[PDB]
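Protein chains in written order, with the deposited numbering: chain C, 1 to 115; chain A, 1 to 116; chain B, 1 to 115.
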Amino acid sequence: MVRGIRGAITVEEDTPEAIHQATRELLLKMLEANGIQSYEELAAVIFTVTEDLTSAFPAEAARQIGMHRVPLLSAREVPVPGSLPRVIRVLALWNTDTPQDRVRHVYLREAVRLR
Amino acid sequence: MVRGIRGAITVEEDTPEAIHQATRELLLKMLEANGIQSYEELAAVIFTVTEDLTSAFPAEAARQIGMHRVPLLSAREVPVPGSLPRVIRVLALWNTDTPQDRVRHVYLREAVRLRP
Amino acid sequence: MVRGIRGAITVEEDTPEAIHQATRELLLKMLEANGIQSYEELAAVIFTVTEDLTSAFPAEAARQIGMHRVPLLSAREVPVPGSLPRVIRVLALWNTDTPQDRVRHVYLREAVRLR
């Protein structure tokens with residue numbers, strides 16, 4: 001079975017370091033919250049970034065924590081008026097027998113308003 | 001086994017009401033057409049909207065019909081000039097043994113012309 | 001299980017013919033590299049294209065090679081300084097027993113500069 005894991009986190013400046021730092025933190029927490037201690041069962045990980053962020057690919061933060069074998073893809077989020085700014089969102093596809101209602105999703109910082 | 005389910009529907013205007021109503025109808029039809037019993041079978045659902053739609057997130061319609069525990073993600077479609085305007089597209093990833101040739105995709109309203 | 005397969009290829013110019021030819025080449029190469037002789041194994045295929053490519057949908061290429069029954073979805077890639085121009089990226093979700101470490105990803109033409 002495949003279960004999606006959602007995550008979201010905000011930053012306060014479109015810089016490679018800031019983008020990477022937040023992404024690394026989110027990915028590590030999404031995995032920790034679900035007791036995942038290996039990357040072998042992640043089918044793929046998809047990232048989306050709001051329009052106000054274009055300095056670096058979030059996928060690079062995944063490479064930084066050793067996810068070089070995990071398929072990654074990034075896309076742009078819809079610029080909805082009044083929507084939360086500077087947000088990095090993640091959708092991990094996890095091969096697991098963990099029930100849908102047992103999967104833990106992670107919303108950090110300002111993204112907590114998105115849960 | 002995971003099978004993707006595609007859906008597409010158009011709206012006549014860029015308003016939250018129009019977007020949510022259409023997305024709600026599309027999702028319900030996608031579920032109905034494939035006889036899906038519980039949302040527990042859905043690994044995730046991805047939504048995309050064309051550049052001319054920015055008033056709201058289609059994913060909100062999913063919450064309206066009880067998909068609170070289903071992982072949702074939204075993105076922007078490639079802005080190809082001359083393409084069908086105001087389109088909401090959906091890709092559901094379904095855990096099922098259903099063969100690929102038996103999965104039912106749904107194309108509504110003006111998107112009916114987008115069916116493969 | 002489900003394993004994602006990554007692919008990427010560049011195009012010399014923004015025209016439907018060029019986009020479709022490149023996408024056909026990449027898709028075929030991704031399947032060949034993984035010994036996939038049938039499309040029944042593909043859960044879905046997601047494409048992303050850089051903003052300098054807007055003349056056509058890469059998904060049309062999938063139809064051309066007979067992937068009508070494969071669920072397809074496309075999205076806009078995130079702009080990044082110094083990133084390779086005119087890039088088509090693919091993420092195929094493959095139903096397979098193949099371990100993550102044995103899935104073959106394909107980077108063609110100038111896209112080799114991204115791998």
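Just so it is clear, CB atoms sit at the ideal spot from N, CA and C, and this is done for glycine as well.
Own chain, CB closer than 6 Å to residue i, minus 5 neighbours either side, in chain order
{"i": "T96/B", "result": "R3"}
{"i": "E77/C", "result": "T48 and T50"}
{"i": "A61/C", "result": "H20, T23 and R24"}
{"i": "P116/A", "result": "none"}
{"i": "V112/C", "result": "none"}
{"i": "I46/C", "result": "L73 and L91"}
{"i": "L53/A", "result": "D14 and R86"}
Coarse secondary structure for residue i, derived from DSSP in three states
{"i": "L93/B", "result": "strand"}
{"i": "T48/C", "result": "strand"}
{"i": "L42/A", "result": "strand"}
{"i": "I88/C", "result": "strand"}
{"i": "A56/B", "result": "coil"}
{"i": "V112/B", "result": "helix"}
{"i": "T98/A", "result": "coil"}
{"i": "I65/C", "result": "coil"}
{"i": "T15/A", "result": "coil"}
{"i": "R24/C", "result": "helix"}
Cβ shell of residue i (< 7 Å), same chain only, five flanking positions each side left out
{"i": "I5/A", "result": "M30, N34, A92, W94, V103 and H105"}
{"i": "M1/C", "result": "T96 and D97"}
Whole-angstrom distance between residue j and residue i, CA atom to CA atom
{"i": "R89/C", "j": "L42/B", "result": "25 Å"}
{"i": "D14/C", "j": "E40/C", "result": "31 Å"}
{"i": "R63/B", "j": "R69/B", "result": "9 Å"}
{"i": "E32/C", "j": "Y107/C", "result": "13 Å"}
{"i": "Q37/B", "j": "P81/C", "result": "46 Å"}
{"i": "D101/A", "j": "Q100/B", "result": "26 Å"}
{"i": "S74/C", "j": "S74/B", "result": "11 Å"}
{"i": "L28/A", "j": "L28/C", "result": "35 Å"}
Rounded distance between the beta-carbons of residue j and residue i, thought under 8 Å
{"i": "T23/B", "j": "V87/B", "result": "Going by Cβ atoms, the distance from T23/B to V87/B rounds to 11 Å, so no, they are not a contact pair."}
{"i": "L114/C", "j": "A44/C", "result": "In fact, because the Cβ distance is near 22 Å, the residues do not count as touching under 8 Å."}
{"i": "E110/B", "j": "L72/B", "result": "Rounded, the Cβ-Cβ distance is 24 Å, inconsistent with contact."}
Cut-off 8 Å between Cβ atoms - residues of its own chain near residue i, not counting five sequence neighbours on either side
{"i": "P79/C", "result": "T50 and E51"}
{"i": "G66/A", "result": "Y39"}
{"i": "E12/C", "result": "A18 and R86"}
{"i": "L26/C", "result": "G7, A8, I9, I88, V90, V106 and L108"}
Any non-hydrogen atom of the ligand ZN closer than 7 Å to residue i Cβ
{"i": "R63/B", "result": "The ligand content of the structure shown is nil, which means the ligand ZN is not present either."}
Proximal residues of chain D, C-beta to C-beta of residue i below 8 Å
{"i": "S83/C", "result": "Absent from the structure: chain D. Protein chains present are C, A and B."}
query: Between the region 16-26 of chain B and the region 51-58 of chain B, do three or more beta carbon pairs fall short of 8 Å?
result: At 8 Å Cβ cutoff, the stretches touch.
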